[PDB]
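Asker: please find the sequence and an experimentally derived structure below.
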Amino acid sequence: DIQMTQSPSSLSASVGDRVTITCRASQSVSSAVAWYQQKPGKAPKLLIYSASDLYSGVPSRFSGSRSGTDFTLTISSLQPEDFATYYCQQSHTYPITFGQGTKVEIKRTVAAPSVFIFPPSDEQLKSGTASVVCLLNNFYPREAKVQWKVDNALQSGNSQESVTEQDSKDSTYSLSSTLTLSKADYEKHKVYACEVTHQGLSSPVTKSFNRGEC
Amino acid sequence: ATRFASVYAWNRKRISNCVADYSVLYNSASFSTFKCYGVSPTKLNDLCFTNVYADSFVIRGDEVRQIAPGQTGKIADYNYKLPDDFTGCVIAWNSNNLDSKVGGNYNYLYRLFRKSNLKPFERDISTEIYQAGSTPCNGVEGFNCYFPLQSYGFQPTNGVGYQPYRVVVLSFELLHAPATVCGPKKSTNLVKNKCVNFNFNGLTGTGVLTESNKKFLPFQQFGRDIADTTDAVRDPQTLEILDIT
Amino acid sequence: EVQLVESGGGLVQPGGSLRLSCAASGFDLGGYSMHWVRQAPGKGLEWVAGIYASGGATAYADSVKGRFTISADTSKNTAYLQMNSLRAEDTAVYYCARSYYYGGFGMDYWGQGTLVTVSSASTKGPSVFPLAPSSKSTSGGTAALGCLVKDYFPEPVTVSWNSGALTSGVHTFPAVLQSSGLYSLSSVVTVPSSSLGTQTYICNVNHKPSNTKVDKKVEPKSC
Ligand SMILES: *[C@@H]1O[C@H](CO)[C@@H](O[C@@H]2O[C@H](CO)[C@@H](O[C@@H]3O[C@H](CO)[C@@H](O)[C@H](O)[C@@H]3O)[C@H](O)[C@H]2NC(C)=O)[C@H](O)[C@H]1NC(C)=O
Ligand SMILES: *[C@@H]1O[C@H](CO)[C@@H](O[C@@H]2O[C@H](CO)[C@@H](O[C@@H]3O[C@H](CO)[C@@H](O)[C@H](O)[C@@H]3O)[C@H](O)[C@H]2NC(C)=O)[C@H](O)[C@H]1NC(C)=O
């Protein structure tokens, strides 16, 4: 049981830029680490094997080397087909162990989300519960969160999130989040709000509604 | 060379007591690449060393770039270190026209499974099963137990980074001994009855050099005047005694 | 070119089991180790097991010992994975992959994988709820109507609008697995806001694997 550490957890760069990603094993794995690319909906593809040997079918743009005890992958120039999650596999000693996967993003224009808040509907409330829904469309970059408030108080422990895939032409995506209240708690509050932010946004988008509205 | 070894089983060979045409592969173009480190690509025949090495092995094209005196890389640091106390040149031919075939080439077993790095100028052939895991293998393969030396599936259809190359390595040594190897030397034409600035086997002077009436033992090479001034030479190639006026 | 094709995916009840298989083509199994790797939604790759076809020897991840068994058949040129005593936590896409000898080499070629999901309800239709729009518009002058699809099984679920006729302006979120063992997601249609009173917006949740669908009308409310 040899564990994997990777860095950075994500990387963002433009087309033609140089990319370096590193992988570290907790024990010696010699030079039997392999790199793989994964795209959404697809199985991983071998990129580099036996630490530094490039796999046929992989562009010459890919290379790498060992420094000290760590192994570094380098993309000399990113092309659109090189944006993938990058994994390391240690096959030297069993069990075969994989790292988390480093996400590489294509640099795109940064933008604020379009925020749509849907107050609990009459039909939703028939369950005896309430669910406040905030949907954030078409924004960029990938690291983002939905911050919820009830009567201007910050909420915690009562929310859920789901995130979609990024668009191949502009890398935008959307977040979806909710607040769970019993109907009885919903009825005791007056003001609800959704504050949305992300790593590239200097001005969070704020939307709100009154209890019972819509 | 007719035959090459794997890199791990580096075919180490020393060259001594001779004339080595070091630049022969620069000019012949029988190898795809001729890259020199500390010595010149050409006019390499002008280098006199006590010994030189002339080693031969088969590696991948990307590994050909990795091997150089004093340099690092997976192949350079683990299977064979080429030291920088020596100067040298790494020369390689594309062996798709010799070694590659479908099924691979089993005369070239490369070390994959190791506990440590091999030393400068160190050759090895061990077949002992390698322990990757926690328990001894005792000669048996299995998960976490491996055969240390393996063949590559070198084929005519692989790209250059993986294609095999026949690599010959030139390495130049100086030790506390008389030198025994250098490249070929070139003489100029001999002119006798004219003033010439002469150099015979390292001995110099200016004069007119004509046939002598002196005799000498097969042993002897030069005649001498007061205070050891040369007054005769025998030609190094022509067996005539020549008087220096 | 070499190929690996997974099959035998499906649904499992908690405490139950499923057997997966993968066929090889373009190469034999002998001389190769066959491996299975799982990837739960939201997770990275986790190795489960490997078998050396010319050996009969196997290796397993500690995380699957006592539950997963790996085997292979060189006459059929196939690999197998027997997955026992499964939980909702075990939902994942299970992939077959090839590597050389007994390891020390990475995997090269991978199959594409098949989904296995574990739940107490082999089939379940969703309760689909409408989501009333905010009356305040966004950039571009748009607004949206939407729905929530809750407690259904199995995933994947396809969501579209106007009983399947509306794809234009349709945006959906991926489903996630809840504590109920069932799945849920949200969906909207974004148009210039005046179109929300012109076009038909019925949330169409399609469940081909259980031969059903849910049709829920969504419309503007006073805000
Ligand atoms: C390694 O093989 C290469 C092949 O390219 C050798 O180069 C070639 O060596 C031959 C020797 O037979 C040369 O032929 C000679 O040509 C000269 C004039 O060109 C002629 O006077 C001789 O009678 C003889 O035919 C040939 O020219 C030469 N090719 C090139 C392109 O230079 C090389 O010598 C070999 N090296 C060793 C160490 O064996
Ligand atoms: C160094 O090499 C030269 C070649 O350039 C050698 O000279 C050659 O010596 C041979 C043997 O004497 C000669 O063959 C015979 O020579 C005699 C008289 O020259 C002639 O009558 C015969 O018909 C026959 O050719 C050869 O001609 C001669 N070549 C030249 C250009 O002189 C020389 O002996 C070598 N020196 C040493 C120390 O080995």
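Answerer: Ah, there it is. Numbering: from 1, shown residues only, chains lettered A, B, ... in the order given. Ligands and ions are numbered 1, 2, ... in the order given.
Asker: how close does the residue of chain A found nearest chain C get to residue C:110?
Answerer: Nearest to chain C in chain A, going by Cβ to the nearest Cβ, is residue A:34, at a distance of 2.5 Å. Quick note: C-beta positions are derived from backbone N, CA and C, even for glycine. With distances taken as Cβ to Cβ, to the nearest Å, residue A:34 is found 12 Å from residue C:110.
Asker: looking at the two, which one has more neighbours?
Answerer: Per other Cβ atoms under 10 Å in any protein chain shown, whichever of residue A:34 and residue C:110 has more neighbours is residue A:34, with 26 against 22.
Asker: OK, contacts around that one?
Answerer: Residues near residue A:34 by Cβ atoms under 8 Å, 6 or more residues apart in numbering or on different chains: A:46-50, A:88-89, A:91, C:105-107.
Asker: what's the answer for residue B:192, then?
Answerer: Here residue B:192 is in contact with B:208-211, B:242 (criterion: Cβ under 8 Å, 6+ apart).
Asker: quick check, residue B:114 in contact with residue A:32.
Answerer: No: if you go by Cβ atoms under 8 Å, residue B:114 and residue A:32 don't touch, sitting 10.8 Å apart.
Asker: quick one, which of the two is more surrounded?
Answerer: Just comparing residue B:114 and residue A:32: by other Cβ under 10 Å the higher neighbour count belongs to residue A:32, 24 against 16.
Asker: state the phi and psi torsions of the more buried one.
Answerer: Phi and psi for residue A:32, reported as degrees, to the nearest 10, are phi -110, psi 30.
Asker: could you measure from it over to residue C:210?
Answerer: Distance, residue A:32 to residue C:210, using Cβ to Cβ: 45 Å.
Asker: with residue B:210 instead?
Answerer: 115 Å.
Asker: nearest residue to the residue nearest the centre of chain B in space, please, no chain neighbours.
Answerer: Chain B has residue B:170 as the residue nearest its centroid, 2.7 Å off, counting by Cα atoms, centre = their mean. Once flanking residues are discounted, residue B:170 sits nearest to residue B:89: 4.4 Å by Cβ to Cβ, 6 or more residues apart in numbering or on different chains.
Asker: break chain A into its domains for me.
Answerer: Using curated CATH domains, the domain parsing of chain A gives A:4-106, A:114-210.
Asker: need these in JSON lines (columns: distance to residue B:62).
Answerer: Below are the domains of chain A laid out as JSON lines (distance: least, Cβ to Cβ, whole Å):
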{"stretch": "domain A:4-106", "distance to residue B:62": "7"}
{"stretch": "domain A:114-210", "distance to residue B:62": "33"}
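Asker: farthest residue from the center of chain B?
Answerer: residue B:213 (45.4 Å).
Asker: pull the contacting residues for the closest residue to that residue other than its chain neighbours.
Answerer: Spatial nearest neighbour of residue B:213, excluding adjacent residues (Cβ to Cβ, 6+ apart): residue B:243 at 7.7 Å. Residue B:243 sits next to B:209-214, B:231-232 when contact means Cβ under 8 Å, 6+ apart.
Asker: same question, residue B:168
Answerer: Taking Cβ under 8 Å, 6+ apart, one finds B:1, B:25, B:31, B:54-56, B:91-92 in contact with residue B:168.
Asker: in strands only, show me these.
Answerer: Taking DSSP state E, the ones among those that sit in strands are B:54-56, B:91-92.
Asker: which residues in the chain form helices?
Answerer: All of this is about chain A. For chain A, the helices defined by DSSP state H occupy A:183-186.
Asker: I was thinking of chain C, sorry if that wasn't clear
Answerer: Counting by DSSP H, chain C contains no helices.
Asker: can you name the residue of it nearest chain A?
Answerer: Closest point on chain C to chain A, by Cβ to the nearest Cβ, is residue C:106, at 2.5 Å.
Asker: and chain B, by the same measure?
Answerer: Closest point on chain B to chain A, by Cβ to the nearest Cβ, is residue B:132, at 4.4 Å.
Asker: OK, contacts around that residue?
Answerer: Shown in contact with residue B:132 (Cβ under 8 Å, 6+ apart): A:92-94, B:113, B:144-146, C:103-104.
Asker: what do you get for residue B:57?
Answerer: B:4-7, B:9-11, B:167, B:169.
Asker: residue B:46 and ligand 1: what is the separation?
Answerer: Residue B:46 sits at a distance of 18 Å from ligand 1 (criterion: Cβ to the nearest ligand atom, to the nearest Å).
Asker: which residue, other than its chain neighbours, is closest to that residue?
Answerer: In space, residue B:46 is closest to residue B:183, 6.3 Å off (Cβ to Cβ, 6+ apart).
Asker: correct me, but that neighbour touches residue B:44?
Answerer: Yes: contact status for residue B:183 versus residue B:44: in contact at 6.7 Å, counting by Cβ under 8 Å.
Asker: which residues do the two both contact?
Answerer: Joint contacts of residue B:183 and residue B:44 (Cβ under 8 Å, 6+ apart) are B:22-23.
Asker: residue C:48 versus the closest residue to residue C:105 other than its chain neighbours, what's the distance?
Answerer: Nearest residue to residue C:105 in three dimensions, chain neighbours excluded: residue C:99, at 5.4 Å (Cβ to Cβ, 6+ apart). Remark: distance between residue C:99 and residue C:48 (Cβ to Cβ) = 14 Å.
Asker: next, show the common contact partners of those two.
Answerer: By Cβ under 8 Å, 6+ apart, residue C:99 and residue C:48 have these common neighbours: residue C:35.
Asker: in chain C, which residue sits nearest chain B?
Answerer: Residue nearest to chain B within chain C (Cβ to the nearest Cβ): residue C:59, separated by 4.1 Å.
Asker: which residues of chain B lie near chain A?
Answerer: B:60, B:62, B:73-74, B:78, B:112-114, B:132-133, B:143-144, B:158-159, B:161-162 (Cβ under 8 Å from any Cβ of the partner chain).
Asker: could you identify the buried members of these?
Answerer: Burial by neighbour count, judged by 16 or more other Cβ atoms under 10 Å in any protein chain shown, picks out B:60, B:62, B:73-74, B:78, B:112-114, B:132-133, B:143-144, B:158, B:161-162 from the residues of chain B next to chain A.
Asker: quick revisit: against residue C:31, how distant is the residue of chain A closest to chain C?
Answerer: Residue A:34 sits 19 Å away from residue C:31, going by Cβ to Cβ.
Asker: got it, and residue A:176?
Answerer: Counting by Cβ to Cβ, the gap from residue A:176 to residue C:31 is 48 Å.
Asker: more neighbours: which of these two?
Answerer: Comparing residue A:176 with residue C:31 by neighbour count (other Cβ under 10 Å), the higher total belongs to residue A:176, at 26 against 11.
Asker: can you tell me the closest non-neighbouring residue to the more buried one?
Answerer: residue C:173 (4.2 Å).
Asker: the residue of chain B found nearest ligand 1: neighbouring residues, count only.
Answerer: Relative to ligand 1, the nearest point of chain B is residue B:28 (3.4 Å; Cβ to the nearest ligand atom). Residues within reach of residue B:28, counting by other Cβ under 10 Å, total 10.
Asker: who's in contact with the residue of chain C most remote from its centre?
Answerer: Farthest-out residue of chain C from its mean C-alpha position, per Cα atoms, centre = their mean: residue C:222, at 38.3 Å. Residue C:222 sits next to residue A:214 when contact means Cβ under 8 Å, 6+ apart.
Asker: ok, now residue B:13?
Answerer: Residues counted as contacts of residue B:13 (Cβ under 8 Å, 6+ apart) are B:53-56.
Asker: repeat for residue B:99
Answerer: Counting by Cβ under 8 Å, 6+ apart, the residues that residue B:99 touches are B:4, B:58, B:105, B:107-108, B:154, B:164, B:166.
Asker: surely it is in a strand?
Answerer: No: secondary structure of residue B:99 (DSSP: H, G, I helix; E, B strand; the rest coil): coil, not part of a strand.
Asker: need phi/psi at it.
Answerer: Torsion angles, degrees, to the nearest 10, at residue B:99: phi -100, psi -30.
Asker: from residue B:114, how far out is the residue of chain B found nearest chain C?
Answerer: Nearest residue of chain B to chain C (Cβ to the nearest Cβ) works out as residue B:143 at 4.1 Å. Computed as Cβ to Cβ, the residue B:143 to residue B:114 distance reads 18 Å.
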